[PDB]
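This document opens with one chain alone, in structure tokens, the form deposited in one PDB entry.
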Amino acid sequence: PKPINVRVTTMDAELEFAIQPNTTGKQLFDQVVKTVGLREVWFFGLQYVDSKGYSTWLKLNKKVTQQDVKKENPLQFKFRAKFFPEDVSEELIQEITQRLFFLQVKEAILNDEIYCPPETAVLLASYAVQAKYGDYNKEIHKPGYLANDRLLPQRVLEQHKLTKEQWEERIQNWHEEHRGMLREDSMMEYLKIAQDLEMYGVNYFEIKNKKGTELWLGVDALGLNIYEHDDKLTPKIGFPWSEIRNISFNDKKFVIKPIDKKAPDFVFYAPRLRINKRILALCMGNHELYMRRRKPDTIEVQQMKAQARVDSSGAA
């Protein structure tokens, strides 16, 4: 059989190679995972674009080429965080996990995919500079050191009237105060502030209700939420896992059956059947981890948290 060109990219890597034409998604995954030395695999997946212009997640069970993968050379893939923990502090154990979450989240905030207010964005920026350059040194980090760096969301630079050097001074002032903070600590402090942002870790889906009004369905670690089309920060209606008895779809109709037997089922419409299938898969994947983290840590996890306790110690 003729080999297929695949190119899985990490937030800070690029992995080009070939596999068997009749190879599963888990084989590609298990390969990417080992090449990179990632063990907390449960937060990740391989994202790809299809024939309709959608960015979904590779199914591990099926063959790579069978699930609608945009045909090209090489076959573009992206190793990314698919699930976000409820608390980054106690759930992202290893350094490689933390680094990958940091880069993806930072990339998303910078691209304006996740909203961030101006002051918070600057504070985030300084943690990013502290993480890249390390301790601020007046002698080496001479004025203009942050001129080649993209630090703020494009939309905060536009909504706020400050010159280029002024913004760089705001971030510099914060950088100075982070002295002593290691890279791992700096990225985690970044993620700690980022995880409280309204749009962080939310998977948005363009939907419509019975009437026809355009809405947004958001799927995250805690449940489902319906948003008004021009407001993706504040949910108009929320559905925590604890208030949902059942979730299902019928062609283009998705139904959320509440626990309260006196409340009406929430019904929405997706543009296509594939959307509803992906919506249910994500919900199940998030609820799965929601349950998993509420059950005692696996022997493997207990050991990783024990290994990180050592890699953070400064004693001989």
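Numbers for residues come from their place in the sequence shown, where the first is 1. What we label the rigid core is the largest C-alpha set whose atoms superpose within 1.5 Å from one form to the other.
There is another form of the same protein, the form deposited with a partner chain bound; it is not shown, and what comes next is about it.
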| property | result |
| --- | --- |
| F44, heavy atom within 4.5 angstroms of the partner chain in the deposited complex | no |
| Contact flag, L146 vs the partner chain in the deposited complex, heavy atom cut 4.5 Å | no |
| 4.5 angstroms heavy atom contact with the partner chain in the deposited complex for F268 | yes |
| Distance check, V219 to the partner chain in the deposited complex, heavy atom within 4.5 Å | no |
| In the deposited complex, the one of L75, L215, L157, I193 near the partner chain [non-hydrogen atom within 4.5 angstroms] | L215 |
| In the deposited complex, the one of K208, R150, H178, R170 near the partner chain [non-hydrogen atom within 4.5 angstroms] | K208 |
| Proximity to the partner chain in the deposited complex (heavy atom, within 4.5 Å), stretch among 134 to 142, 120 to 128, 238 to 246, 104 to 112 | 238 to 246 |
| Core-aligned C-alpha movement of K70 between this form and the one not shown reaching 2 Å | yes |
| Core-aligned C-alpha movement of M181 between this form and the one not shown, 2 Å or more | no |
| Shift of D30 between this form and the one not shown at or above 2 Å (CA, core fit) | no |
